[PDB]
$ cat input.cif   # mmCIF, C-alpha atoms and all ligand atoms
data_data
#
loop_
_atom_site.label_atom_id
_atom_site.label_comp_id
_atom_site.auth_asym_id
_atom_site.auth_seq_id
_atom_site.Cartn_x
_atom_site.Cartn_y
_atom_site.Cartn_z
CA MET O 6 0.36 18.07 -16.88
CA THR O 7 1.35 14.38 -16.96
CA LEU O 8 -0.22 11.28 -18.47
CA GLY O 9 -1.31 10.22 -15.00
CA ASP O 10 -3.01 13.58 -14.46
CA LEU O 11 -4.98 12.87 -17.63
CA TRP O 12 -5.72 9.35 -16.38
CA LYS O 13 -7.21 10.79 -13.19
CA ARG O 14 -9.41 13.20 -15.19
CA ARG O 15 -10.59 10.42 -17.48
CA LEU O 16 -11.34 8.25 -14.43
CA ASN O 17 -13.42 11.00 -12.83
CA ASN O 18 -15.26 11.47 -16.13
CA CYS O 19 -16.43 7.84 -16.24
CA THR O 20 -20.10 7.07 -15.82
CA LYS O 21 -20.88 4.73 -12.92
CA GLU O 22 -21.07 1.67 -15.17
CA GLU O 23 -17.88 2.70 -16.97
CA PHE O 24 -16.16 3.23 -13.61
CA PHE O 25 -17.04 -0.17 -12.15
CA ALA O 26 -16.03 -2.12 -15.26
CA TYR O 27 -12.71 -0.24 -15.46
CA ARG O 28 -11.94 -0.62 -11.79
CA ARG O 29 -11.26 -4.35 -11.82
CA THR O 30 -10.47 -5.28 -15.45
CA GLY O 31 -7.43 -7.52 -15.73
CA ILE O 32 -6.42 -7.30 -12.07
CA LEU O 33 -5.49 -10.12 -9.72
CA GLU O 34 -8.04 -10.46 -6.90
CA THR O 35 -7.74 -12.76 -3.91
CA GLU O 36 -10.78 -14.85 -3.02
CA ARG O 37 -11.89 -13.46 0.35
CA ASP O 38 -15.30 -15.05 0.81
CA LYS O 39 -14.11 -17.37 3.61
CA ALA O 40 -11.76 -14.78 5.14
CA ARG O 41 -14.43 -12.04 5.15
CA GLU O 42 -16.95 -14.09 7.09
CA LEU O 43 -14.40 -15.37 9.62
CA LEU O 44 -13.46 -11.76 10.39
CA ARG O 45 -17.10 -10.74 10.51
CA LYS O 46 -18.05 -13.44 13.00
CA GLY O 47 -15.01 -12.55 15.15
CA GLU O 48 -12.99 -15.76 14.75
CA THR O 49 -9.53 -15.03 16.15
CA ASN O 50 -7.93 -18.39 15.27
CA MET O 51 -7.30 -17.79 11.61
CA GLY O 52 -4.33 -17.38 9.29
CA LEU O 53 -6.20 -16.17 6.25
CA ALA O 54 -5.19 -12.61 5.38
CA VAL O 55 -7.03 -9.92 7.39
CA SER O 56 -7.02 -7.64 4.31
CA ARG O 57 -6.11 -7.40 0.64
CA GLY O 58 -2.82 -5.80 1.68
CA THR O 59 -1.21 -9.12 2.65
CA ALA O 60 -1.04 -10.50 -0.90
CA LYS O 61 0.50 -7.23 -2.14
CA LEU O 62 3.40 -7.35 0.29
CA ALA O 63 3.77 -11.10 -0.32
CA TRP O 64 4.13 -10.39 -4.04
CA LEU O 65 6.80 -7.75 -3.39
CA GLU O 66 8.77 -10.17 -1.20
CA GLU O 67 8.42 -13.21 -3.47
CA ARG O 68 9.63 -11.13 -6.43
CA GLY O 69 12.65 -10.10 -4.39
CA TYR O 70 11.59 -6.46 -4.44
CA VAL O 71 11.59 -6.19 -0.62
CA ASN O 72 13.58 -8.13 1.98
CA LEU O 73 11.71 -8.07 5.27
CA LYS O 74 14.06 -8.69 8.17
CA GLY O 75 15.02 -7.86 11.74
CA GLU O 76 13.01 -5.29 13.70
CA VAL O 77 10.17 -4.17 11.41
CA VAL O 78 7.99 -1.08 11.79
CA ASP O 79 4.59 -0.93 10.06
CA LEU O 80 3.54 2.74 9.81
CA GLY O 81 -0.22 2.98 9.17
CA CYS O 82 -0.94 -0.67 9.75
CA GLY O 83 -4.75 -0.45 9.50
CA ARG O 84 -6.21 -3.95 9.92
CA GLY O 85 -2.67 -5.35 9.97
CA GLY O 86 -2.26 -7.27 6.69
CA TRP O 87 1.35 -6.16 6.31
CA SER O 88 2.13 -6.65 10.00
CA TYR O 89 0.89 -10.23 9.98
CA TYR O 90 2.74 -10.95 6.72
CA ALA O 91 5.98 -9.64 8.21
CA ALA O 92 5.51 -11.49 11.50
CA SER O 93 5.21 -14.79 9.61
CA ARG O 94 8.60 -14.27 7.90
CA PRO O 95 11.43 -16.23 9.58
CA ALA O 96 13.95 -13.42 9.05
CA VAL O 97 11.71 -11.00 11.01
CA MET O 98 12.32 -10.83 14.75
CA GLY O 99 9.62 -8.35 15.76
CA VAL O 100 7.03 -5.92 14.39
CA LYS O 101 5.97 -2.58 15.86
CA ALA O 102 2.69 -1.66 14.13
CA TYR O 103 1.07 1.76 14.45
CA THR O 104 -2.22 3.11 13.15
CA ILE O 105 -4.48 6.10 13.79
CA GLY O 106 -7.78 4.25 14.07
CA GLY O 107 -10.76 6.43 14.89
CA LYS O 108 -13.83 7.23 12.82
CA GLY O 109 -13.61 6.05 9.22
CA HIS O 110 -10.29 4.26 9.79
CA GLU O 111 -9.49 0.59 10.29
CA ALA O 112 -8.35 -0.70 13.63
CA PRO O 113 -6.05 -3.74 13.85
CA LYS O 114 -7.70 -7.10 13.41
CA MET O 115 -6.59 -9.40 16.26
CA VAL O 116 -5.93 -12.97 15.09
CA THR O 117 -3.48 -15.81 15.84
CA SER O 118 -1.88 -15.67 12.35
CA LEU O 119 1.62 -17.16 12.52
CA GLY O 120 3.95 -14.94 14.53
CA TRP O 121 1.22 -12.70 15.96
CA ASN O 122 3.00 -12.74 19.32
CA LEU O 123 5.92 -10.86 17.76
CA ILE O 124 3.64 -7.89 16.87
CA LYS O 125 3.10 -4.94 19.18
CA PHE O 126 0.01 -3.08 17.90
CA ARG O 127 -0.54 0.55 18.92
CA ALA O 128 -3.82 2.06 17.71
CA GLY O 129 -4.69 5.73 18.09
CA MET O 130 -1.16 6.72 17.02
CA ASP O 131 -0.42 9.35 14.38
CA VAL O 132 2.81 8.31 12.72
CA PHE O 133 3.43 11.69 11.09
CA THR O 134 4.19 13.27 14.49
CA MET O 135 5.79 10.18 16.08
CA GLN O 136 9.51 10.27 16.76
CA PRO O 137 11.31 7.58 14.70
CA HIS O 138 13.17 4.83 16.53
CA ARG O 139 15.57 2.06 15.56
CA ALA O 140 14.37 -0.34 12.88
CA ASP O 141 15.87 -2.67 10.31
CA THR O 142 12.85 -2.62 7.99
CA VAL O 143 10.46 0.35 7.61
CA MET O 144 7.09 -0.33 5.96
CA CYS O 145 4.36 2.25 5.20
CA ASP O 146 1.12 1.58 3.34
CA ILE O 147 -0.45 5.01 3.87
CA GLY O 148 -2.26 6.92 1.16
CA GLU O 149 -6.00 7.55 1.14
CA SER O 150 -7.60 7.95 -2.28
CA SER O 151 -9.24 11.29 -3.18
CA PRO O 152 -11.05 12.38 -6.35
CA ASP O 153 -8.87 15.49 -6.02
CA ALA O 154 -5.49 14.70 -7.56
CA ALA O 155 -3.85 17.58 -5.69
CA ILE O 156 -4.97 16.10 -2.36
CA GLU O 157 -3.64 12.69 -3.41
CA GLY O 158 -0.36 14.41 -4.29
CA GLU O 159 -0.09 16.13 -0.91
CA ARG O 160 -0.97 12.93 0.96
CA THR O 161 1.79 11.18 -1.00
CA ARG O 162 4.30 13.95 -0.26
CA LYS O 163 3.61 13.51 3.48
CA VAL O 164 4.41 9.79 3.22
CA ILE O 165 7.72 10.46 1.45
CA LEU O 166 8.66 13.05 4.09
CA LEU O 167 7.85 10.46 6.75
CA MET O 168 10.13 7.96 5.03
CA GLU O 169 12.93 10.54 4.88
CA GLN O 170 12.61 11.00 8.66
CA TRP O 171 12.82 7.25 9.29
CA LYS O 172 15.79 6.93 6.93
CA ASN O 173 17.44 9.83 8.78
CA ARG O 174 17.13 7.80 11.98
CA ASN O 175 17.97 4.50 10.23
CA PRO O 176 20.17 5.20 7.20
CA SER O 177 20.74 1.48 6.61
CA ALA O 178 17.12 0.38 6.97
CA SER O 179 15.29 -1.21 4.09
CA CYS O 180 12.18 0.77 3.15
CA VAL O 181 8.97 -0.13 1.36
CA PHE O 182 6.14 2.36 1.05
CA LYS O 183 3.00 3.16 -0.89
CA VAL O 184 3.24 6.06 -3.33
CA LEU O 185 -0.43 6.89 -3.87
CA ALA O 186 -0.07 9.48 -6.66
CA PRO O 187 3.28 9.05 -8.40
CA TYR O 188 1.91 11.00 -11.37
CA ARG O 189 2.12 14.36 -9.51
CA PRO O 190 5.22 16.59 -10.04
CA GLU O 191 5.67 17.41 -6.34
CA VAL O 192 5.76 13.64 -5.80
CA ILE O 193 8.27 13.02 -8.61
CA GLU O 194 10.55 15.71 -7.16
CA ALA O 195 10.38 14.15 -3.70
CA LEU O 196 10.94 10.61 -5.06
CA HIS O 197 14.00 11.77 -7.03
CA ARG O 198 15.52 13.30 -3.89
CA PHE O 199 14.82 10.10 -1.96
CA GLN O 200 16.27 7.89 -4.71
CA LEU O 201 19.37 10.07 -4.98
CA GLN O 202 20.20 9.63 -1.28
CA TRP O 203 18.85 6.11 -0.61
CA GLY O 204 18.56 4.33 -3.96
CA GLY O 205 15.44 2.35 -4.77
CA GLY O 206 12.70 2.36 -7.37
CA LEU O 207 8.99 1.96 -8.13
CA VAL O 208 6.88 -1.07 -8.99
CA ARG O 209 3.20 -1.80 -9.61
CA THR O 210 1.62 -4.82 -7.93
CA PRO O 211 -0.86 -6.82 -10.03
CA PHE O 212 -3.39 -6.64 -7.16
CA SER O 213 -3.83 -2.85 -7.34
CA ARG O 214 -7.11 -1.71 -8.89
CA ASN O 215 -7.13 0.40 -12.03
CA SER O 216 -9.00 3.08 -10.07
CA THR O 217 -5.75 3.96 -8.26
CA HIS O 218 -2.35 4.90 -9.63
CA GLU O 219 -0.62 3.58 -6.49
CA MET O 220 2.86 2.16 -6.86
CA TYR O 221 5.26 0.87 -4.25
CA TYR O 222 8.73 2.25 -3.63
CA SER O 223 11.41 -0.10 -2.31
CA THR O 224 15.08 0.59 -1.53
CA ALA O 225 15.82 -2.89 -2.89
CA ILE O 226 14.91 -2.28 -6.56
CA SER O 227 16.06 0.31 -9.10
CA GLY O 228 14.75 2.15 -12.13
CA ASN O 229 14.23 5.61 -13.58
CA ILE O 230 11.23 7.03 -11.75
CA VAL O 231 9.67 9.07 -14.58
CA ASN O 232 9.76 6.11 -16.97
CA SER O 233 8.30 3.81 -14.32
CA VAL O 234 5.42 6.20 -13.74
CA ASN O 235 4.80 6.82 -17.45
CA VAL O 236 4.73 3.11 -18.31
CA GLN O 237 2.12 2.65 -15.62
CA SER O 238 -0.04 5.60 -16.71
CA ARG O 239 -0.07 4.38 -20.31
CA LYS O 240 -1.00 0.91 -19.10
CA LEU O 241 -3.83 2.41 -16.99
CA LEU O 242 -5.05 4.57 -19.89
CA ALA O 243 -4.92 1.57 -22.23
CA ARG O 244 -7.37 -0.38 -20.06
CA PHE O 245 -10.20 2.16 -20.47
CA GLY O 246 -12.80 0.28 -22.47
CA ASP O 247 -11.59 -3.18 -21.46
CA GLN O 248 -14.51 -5.27 -20.23
CA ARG O 249 -12.67 -8.39 -19.05
CA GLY O 250 -13.09 -9.00 -15.34
CA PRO O 251 -10.57 -9.77 -12.60
CA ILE O 252 -8.36 -12.83 -12.37
CA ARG O 253 -9.35 -14.56 -9.12
CA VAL O 254 -6.60 -16.26 -7.09
CA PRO O 255 -6.53 -17.94 -3.66
CA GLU O 256 -6.12 -15.72 -0.60
CA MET O 257 -2.93 -15.89 1.41
CA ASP O 258 -3.08 -18.30 4.34
CA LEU O 259 -0.16 -17.83 6.73
CA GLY O 260 -1.20 -20.52 9.19
CA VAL O 261 -1.58 -19.86 12.92
CA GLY O 262 0.58 -20.09 16.02
CA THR O 263 3.36 -18.35 17.87
CA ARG O 264 6.97 -17.82 16.87
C1 LIG B 1 -18.45 11.97 -4.09
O1 LIG B 1 -17.12 11.50 -4.01
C2 LIG B 1 -16.93 10.09 -4.13
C3 LIG B 1 -16.06 9.67 -2.96
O2 LIG B 1 -15.16 10.72 -2.59
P1 LIG B 1 -14.45 10.76 -1.15
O3 LIG B 1 -13.37 9.70 -1.11
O4 LIG B 1 -15.48 10.52 -0.08
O5 LIG B 1 -13.79 12.25 -1.05
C4 LIG B 1 -14.68 13.37 -0.85
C5 LIG B 1 -13.91 14.60 -1.18
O6 LIG B 1 -13.45 14.48 -2.55
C6 LIG B 1 -13.60 15.73 -3.18
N1 LIG B 1 -14.48 15.68 -4.15
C7 LIG B 1 -15.48 14.78 -4.37
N2 LIG B 1 -16.16 15.09 -5.49
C8 LIG B 1 -15.61 16.19 -5.98
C9 LIG B 1 -14.58 16.53 -5.16
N3 LIG B 1 -13.84 17.63 -5.43
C10 LIG B 1 -14.15 18.34 -6.52
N4 LIG B 1 -13.40 19.42 -6.77
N5 LIG B 1 -15.14 18.08 -7.40
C11 LIG B 1 -15.86 17.00 -7.11
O7 LIG B 1 -16.79 16.69 -7.87
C12 LIG B 1 -14.03 16.76 -2.14
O8 LIG B 1 -12.85 17.34 -1.55
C13 LIG B 1 -14.78 15.86 -1.15
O9 LIG B 1 -14.80 16.46 0.15
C14 LIG B 1 -15.29 8.50 -3.54
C15 LIG B 1 -15.87 7.18 -3.00
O10 LIG B 1 -14.83 6.26 -2.84
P2 LIG B 1 -14.73 5.31 -1.55
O11 LIG B 1 -16.08 4.70 -1.21
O12 LIG B 1 -14.21 6.10 -0.36
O13 LIG B 1 -13.54 4.12 -1.90
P3 LIG B 1 -11.92 4.22 -2.40
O14 LIG B 1 -11.01 3.49 -1.43
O15 LIG B 1 -11.56 5.69 -2.42
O16 LIG B 1 -11.76 3.61 -3.94
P4 LIG B 1 -12.53 3.95 -5.35
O17 LIG B 1 -14.01 3.89 -5.13
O18 LIG B 1 -12.08 2.98 -6.42
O19 LIG B 1 -12.13 5.51 -5.74
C16 LIG B 1 -10.82 5.78 -6.17
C17 LIG B 1 -10.99 6.94 -7.14
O20 LIG B 1 -11.95 6.52 -8.16
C18 LIG B 1 -12.79 7.63 -8.50
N6 LIG B 1 -14.08 7.25 -8.25
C19 LIG B 1 -14.59 6.63 -7.10
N7 LIG B 1 -16.03 6.38 -7.35
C20 LIG B 1 -16.74 5.74 -6.21
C21 LIG B 1 -16.31 6.87 -8.64
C22 LIG B 1 -15.07 7.34 -9.07
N8 LIG B 1 -15.02 7.92 -10.41
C23 LIG B 1 -16.22 7.97 -11.25
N9 LIG B 1 -16.18 8.50 -12.47
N10 LIG B 1 -17.44 7.50 -10.81
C24 LIG B 1 -17.54 6.95 -9.55
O21 LIG B 1 -18.61 6.52 -9.14
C25 LIG B 1 -12.28 8.85 -7.66
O22 LIG B 1 -11.33 9.57 -8.47
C26 LIG B 1 -11.65 8.14 -6.46
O23 LIG B 1 -10.68 8.92 -5.75
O24 LIG B 1 -15.51 8.58 -4.98
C27 LIG B 1 -16.12 9.85 -5.19
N11 LIG B 1 -16.87 9.90 -6.46
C28 LIG B 1 -18.05 9.35 -6.68
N12 LIG B 1 -18.42 9.62 -7.93
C29 LIG B 1 -17.46 10.37 -8.52
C30 LIG B 1 -16.46 10.55 -7.58
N13 LIG B 1 -15.37 11.27 -7.90
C31 LIG B 1 -15.32 11.76 -9.13
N14 LIG B 1 -16.21 11.64 -10.09
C32 LIG B 1 -17.31 10.94 -9.81
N15 LIG B 1 -18.25 10.78 -10.76
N1 LIG B 2 -1.30 9.70 10.09
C1 LIG B 2 -1.58 8.41 10.28
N2 LIG B 2 -1.09 7.78 11.36
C2 LIG B 2 -1.40 6.48 11.51
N3 LIG B 2 -2.12 5.76 10.69
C3 LIG B 2 -2.60 6.39 9.59
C4 LIG B 2 -2.34 7.70 9.37
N4 LIG B 2 -2.94 8.05 8.21
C5 LIG B 2 -3.57 6.97 7.72
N5 LIG B 2 -3.36 5.94 8.58
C6 LIG B 2 -3.85 4.57 8.47
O1 LIG B 2 -2.99 3.95 7.54
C7 LIG B 2 -3.71 2.78 7.13
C8 LIG B 2 -3.37 2.53 5.68
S1 LIG B 2 -4.17 1.02 5.03
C9 LIG B 2 -2.86 -0.21 4.92
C10 LIG B 2 -3.38 -1.59 4.59
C11 LIG B 2 -2.48 -2.51 5.44
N6 LIG B 2 -1.11 -2.44 4.97
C12 LIG B 2 -3.04 -3.94 5.41
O2 LIG B 2 -2.38 -4.86 4.80
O3 LIG B 2 -4.11 -4.17 6.04
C13 LIG B 2 -5.22 3.12 7.25
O4 LIG B 2 -5.91 2.21 8.11
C14 LIG B 2 -5.25 4.54 7.84
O5 LIG B 2 -6.25 4.65 8.87
#

$ encode --input "input.cif" --output "structure tokens"
Amino acid sequence: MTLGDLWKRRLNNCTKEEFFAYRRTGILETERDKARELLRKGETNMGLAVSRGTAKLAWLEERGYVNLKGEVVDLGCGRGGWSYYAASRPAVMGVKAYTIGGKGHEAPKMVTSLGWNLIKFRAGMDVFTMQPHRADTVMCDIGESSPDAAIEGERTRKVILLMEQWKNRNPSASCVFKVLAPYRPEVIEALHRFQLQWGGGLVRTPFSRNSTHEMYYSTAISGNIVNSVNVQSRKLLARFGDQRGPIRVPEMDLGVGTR
């Protein structure tokens, strides 16, 4: 058993009030009140982020932890926050975005956010059975939370296997992907094997809620994986009992128009 396993048990043991105070204490939160209503009313001419995912990828890029370029694939694009971020980047030439859609899942939001014309959205696509194709940058933000840590571990293992398949097709591609449950030993083993062949490392974005242990793997950073995970678990465990709220910041606005 790991510290993150204990974190997950302590999380599930929270009362409702305990859970909601813990969830958001100390985290960066974009201000989505304008964005939310524009999406709700169906405004397509907008550059405000279509989801909270945009600011997370923006943070990874601005830190230099990912370098989005060339032909980008977005595996599990959901509403498209990563696809629109990538399409607005001058070094990106095109985005192929894929998501399952269906009941309980987000379909792509269609807006004129800068570079939208460079995105080819395909909904109703399962990426886990899709044949990989050429890409310079491979992005994947898949990993659905579960109260069951073993399910979160297996969901995470499937994402890492997917990234191995896309690296097999594209050994030189940069990769960035969500690791939902890095605290699980089957996940650590798979991350080690990936890191040994492809390099890379783990990082926590300051926008992730304390109710998830998610971290992001990128081929462009480094770091011992176990220590990265353990630092994050201790930091998550140390926030239990904190009552401070979130730090609110402006939402990303990419502007509108074609590229
Ligand atoms: C009920 O549940 C709930 C839900 O879930 P889902 O997701 O829907 O899934 C379902 C599933 O799972 C499982 N389970 C459940 N339960 C149980 C189980 N298992 C066992 N073994 N046992 C038990 O008990 C099964 O398999 C089924 O089928 C959830 C909700 O969520 P949503 O809405 O979806 O959102 P998201 O995105 O996910 O986010 P969040 O919210 O933040 O979450 C994350 C995490 O956290 C936690 N939580 C949540 N919540 C809401 C809560 C919590 N915790 C606490 N303590 N409290 C509260 O309230 C978890 O871990 C998650 O993952 O959730 C759930 N829940 C509710 N409640 C509860 C829960 N869990 C645990 N515990 C509790 N108390
Ligand atoms: N097997 C699969 N094939 C395709 N899409 C999947 C999938 N499993 C999960 N997904 C989708 O992957 C998406 C992950 S959410 C990603 C958030 C996104 N990066 C943003 O910025 O908006 C979800 O919408 C989920 O429906």

$ closest_residue --input "input.cif" --among "O:6, O:98, O:168, O:115" --to "residue 54 of chain O" --atoms "all atoms listed in the file"
O:115

$ residues_near_ligand --input "input.cif" --ligand "ligand LIG 1 (chain B)" --cutoff "7 Å" --atoms "all atoms listed in the file" --output "ChimeraX atom specification"
/O:13,16-21,24,28,149-153,216-217

$ write_last_selection --input "input.cif" --atoms "C-alpha atoms" --output "PDB file, keeping the file's coordinate frame"
ATOM      1  CA  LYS O  13      -7.210  10.790 -13.190  1.00  0.00           C
ATOM      2  CA  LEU O  16     -11.340   8.250 -14.430  1.00  0.00           C
ATOM      3  CA  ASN O  17     -13.420  11.000 -12.830  1.00  0.00           C
ATOM      4  CA  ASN O  18     -15.260  11.470 -16.130  1.00  0.00           C
ATOM      5  CA  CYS O  19     -16.430   7.840 -16.240  1.00  0.00           C
ATOM      6  CA  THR O  20     -20.100   7.070 -15.820  1.00  0.00           C
ATOM      7  CA  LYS O  21     -20.880   4.730 -12.920  1.00  0.00           C
ATOM      8  CA  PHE O  24     -16.160   3.230 -13.610  1.00  0.00           C
ATOM      9  CA  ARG O  28     -11.940  -0.620 -11.790  1.00  0.00           C
ATOM     10  CA  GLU O 149      -6.000   7.550   1.140  1.00  0.00           C
ATOM     11  CA  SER O 150      -7.600   7.950  -2.280  1.00  0.00           C
ATOM     12  CA  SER O 151      -9.240  11.290  -3.180  1.00  0.00           C
ATOM     13  CA  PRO O 152     -11.050  12.380  -6.350  1.00  0.00           C
ATOM     14  CA  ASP O 153      -8.870  15.490  -6.020  1.00  0.00           C
ATOM     15  CA  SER O 216      -9.000   3.080 -10.070  1.00  0.00           C
ATOM     16  CA  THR O 217      -5.750   3.960  -8.260  1.00  0.00           C
TER      17      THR O 217
END

$ closest_residue --input "input.cif" --among "O:118, O:200, O:210, O:59" --to "ligand LIG 2 (chain B)" --atoms "all atoms listed in the file"
O:59

$ residues_near_ligand --input "input.cif" --ligand "ligand LIG 2 (chain B)" --cutoff "6 Å" --atoms "all atoms listed in the file" --output "mmCIF file with C-alpha atoms, in the frame of the given file"
data_model
loop_
_atom_site.group_PDB
_atom_site.id
_atom_site.type_symbol
_atom_site.label_atom_id
_atom_site.label_comp_id
_atom_site.auth_asym_id
_atom_site.auth_seq_id
_atom_site.Cartn_x
_atom_site.Cartn_y
_atom_site.Cartn_z
ATOM 1 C CA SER O 56 -7.020 -7.640 4.310
ATOM 2 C CA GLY O 58 -2.820 -5.800 1.680
ATOM 3 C CA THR O 59 -1.210 -9.120 2.650
ATOM 4 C CA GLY O 81 -0.220 2.980 9.170
ATOM 5 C CA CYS O 82 -0.940 -0.670 9.750
ATOM 6 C CA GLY O 83 -4.750 -0.450 9.500
ATOM 7 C CA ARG O 84 -6.210 -3.950 9.920
ATOM 8 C CA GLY O 85 -2.670 -5.350 9.970
ATOM 9 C CA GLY O 86 -2.260 -7.270 6.690
ATOM 10 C CA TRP O 87 1.350 -6.160 6.310
ATOM 11 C CA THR O 104 -2.220 3.110 13.150
ATOM 12 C CA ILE O 105 -4.480 6.100 13.790
ATOM 13 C CA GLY O 106 -7.780 4.250 14.070
ATOM 14 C CA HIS O 110 -10.290 4.260 9.790
ATOM 15 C CA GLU O 111 -9.490 0.590 10.290
ATOM 16 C CA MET O 130 -1.160 6.720 17.020
ATOM 17 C CA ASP O 131 -0.420 9.350 14.380
ATOM 18 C CA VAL O 132 2.810 8.310 12.720
ATOM 19 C CA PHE O 133 3.430 11.690 11.090
ATOM 20 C CA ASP O 146 1.120 1.580 3.340
ATOM 21 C CA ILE O 147 -0.450 5.010 3.870
#

$ residues_around --input "input.cif" --residues "residue 236 of chain O" --least-positions-apart "5" --cutoff "12 Å" --atoms "all atoms listed in the file" --output "number ranges by chain"
O: 7-9, 187-188, 207-209, 218, 220, 228-231, 241-243

$ atom_distance --input "input.cif" --atom1 "atom CA of residue 179 of chain O" --atom2 "atom CA of residue 142 of chain O"
4.8 Å

$ atom_distance --input "input.cif" --atom1 "atom CA of residue 219 of chain O" --atom2 "atom CA of residue 199 of chain O"
17.4 Å

$ atom_distance --input "input.cif" --atom1 "atom CA of residue 53 of chain O" --atom2 "atom CA of residue 259 of chain O"
6.3 Å

$ residues_around --input "input.cif" --residues "residue 169 of chain O" --least-positions-apart "4" --cutoff "10 Å" --atoms "only C-alpha atoms" --output "list in words"
residues 163, 164, 165, 173, 174, 175, 176, 180, 195, 198, 199, 202 and 203 of chain O

$ closest_residue --input "input.cif" --among "O:264, O:237, O:256, O:191" --to "residue 41 of chain O" --atoms "all atoms listed in the file"
O:256

$ closest_residue --input "input.cif" --among "O:125, O:189, O:253, O:183" --to "residue 234 of chain O" --atoms "all atoms listed in the file"
O:189

$ closest_residue --input "input.cif" --among "O:193, O:155, O:51, O:181" --to "residue 70 of chain O" --atoms "all atoms listed in the file"
O:181

$ closest_residue --input "input.cif" --among "O:178, O:225, O:124, O:79" --to "residue 66 of chain O" --atoms "only C-alpha atoms"
O:225

$ build_atoms --input "input.cif" --residues "segment 170-182 of chain O" --atoms "N, CA, C and O atoms" --output "PDB file, in the coordinates of the input"
ATOM      1  N   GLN O 170      12.347  10.899   7.228  1.00  0.00           N
ATOM      2  CA  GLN O 170      12.610  11.000   8.660  1.00  0.00           C
ATOM      3  C   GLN O 170      13.062   9.659   9.233  1.00  0.00           C
ATOM      4  O   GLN O 170      13.962   9.606  10.080  1.00  0.00           O
ATOM      5  N   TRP O 171      12.446   8.563   8.786  1.00  0.00           N
ATOM      6  CA  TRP O 171      12.820   7.250   9.290  1.00  0.00           C
ATOM      7  C   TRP O 171      14.147   6.784   8.706  1.00  0.00           C
ATOM      8  O   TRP O 171      14.890   6.062   9.382  1.00  0.00           O
ATOM      9  N   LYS O 172      14.461   7.192   7.476  1.00  0.00           N
ATOM     10  CA  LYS O 172      15.790   6.930   6.930  1.00  0.00           C
ATOM     11  C   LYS O 172      16.842   7.810   7.603  1.00  0.00           C
ATOM     12  O   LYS O 172      17.985   7.374   7.776  1.00  0.00           O
ATOM     13  N   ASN O 173      16.478   9.024   8.021  1.00  0.00           N
ATOM     14  CA  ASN O 173      17.440   9.830   8.780  1.00  0.00           C
ATOM     15  C   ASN O 173      17.825   9.135  10.080  1.00  0.00           C
ATOM     16  O   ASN O 173      18.999   9.133  10.473  1.00  0.00           O
ATOM     17  N   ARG O 174      16.852   8.526  10.757  1.00  0.00           N
ATOM     18  CA  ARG O 174      17.130   7.800  11.980  1.00  0.00           C
ATOM     19  C   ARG O 174      17.860   6.484  11.690  1.00  0.00           C
ATOM     20  O   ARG O 174      18.749   6.068  12.453  1.00  0.00           O
ATOM     21  N   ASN O 175      17.507   5.837  10.578  1.00  0.00           N
ATOM     22  CA  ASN O 175      17.970   4.500  10.230  1.00  0.00           C
ATOM     23  C   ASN O 175      18.482   4.516   8.797  1.00  0.00           C
ATOM     24  O   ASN O 175      17.836   3.999   7.878  1.00  0.00           O
ATOM     25  N   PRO O 176      19.674   5.076   8.573  1.00  0.00           N
ATOM     26  CA  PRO O 176      20.170   5.200   7.200  1.00  0.00           C
ATOM     27  C   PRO O 176      20.339   3.870   6.488  1.00  0.00           C
ATOM     28  O   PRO O 176      20.295   3.833   5.254  1.00  0.00           O
ATOM     29  N   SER O 177      20.544   2.778   7.220  1.00  0.00           N
ATOM     30  CA  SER O 177      20.740   1.480   6.610  1.00  0.00           C
ATOM     31  C   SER O 177      19.469   0.662   6.509  1.00  0.00           C
ATOM     32  O   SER O 177      19.525  -0.457   5.999  1.00  0.00           O
ATOM     33  N   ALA O 178      18.332   1.183   6.964  1.00  0.00           N
ATOM     34  CA  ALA O 178      17.120   0.380   6.970  1.00  0.00           C
ATOM     35  C   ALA O 178      16.604   0.146   5.559  1.00  0.00           C
ATOM     36  O   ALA O 178      16.664   1.035   4.706  1.00  0.00           O
ATOM     37  N   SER O 179      16.065  -1.043   5.310  1.00  0.00           N
ATOM     38  CA  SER O 179      15.290  -1.210   4.090  1.00  0.00           C
ATOM     39  C   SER O 179      13.943  -0.516   4.253  1.00  0.00           C
ATOM     40  O   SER O 179      13.415  -0.401   5.363  1.00  0.00           O
ATOM     41  N   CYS O 180      13.433   0.023   3.147  1.00  0.00           N
ATOM     42  CA  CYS O 180      12.180   0.770   3.150  1.00  0.00           C
ATOM     43  C   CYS O 180      11.268   0.259   2.057  1.00  0.00           C
ATOM     44  O   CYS O 180      11.708   0.017   0.929  1.00  0.00           O
ATOM     45  N   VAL O 181       9.987   0.122   2.376  1.00  0.00           N
ATOM     46  CA  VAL O 181       8.970  -0.130   1.360  1.00  0.00           C
ATOM     47  C   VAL O 181       7.756   0.723   1.695  1.00  0.00           C
ATOM     48  O   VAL O 181       7.280   0.709   2.837  1.00  0.00           O
ATOM     49  N   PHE O 182       7.268   1.493   0.720  1.00  0.00           N
ATOM     50  CA  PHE O 182       6.140   2.360   1.050  1.00  0.00           C
ATOM     51  C   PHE O 182       5.254   2.582  -0.159  1.00  0.00           C
ATOM     52  O   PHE O 182       5.713   2.602  -1.300  1.00  0.00           O
TER      53      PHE O 182
END
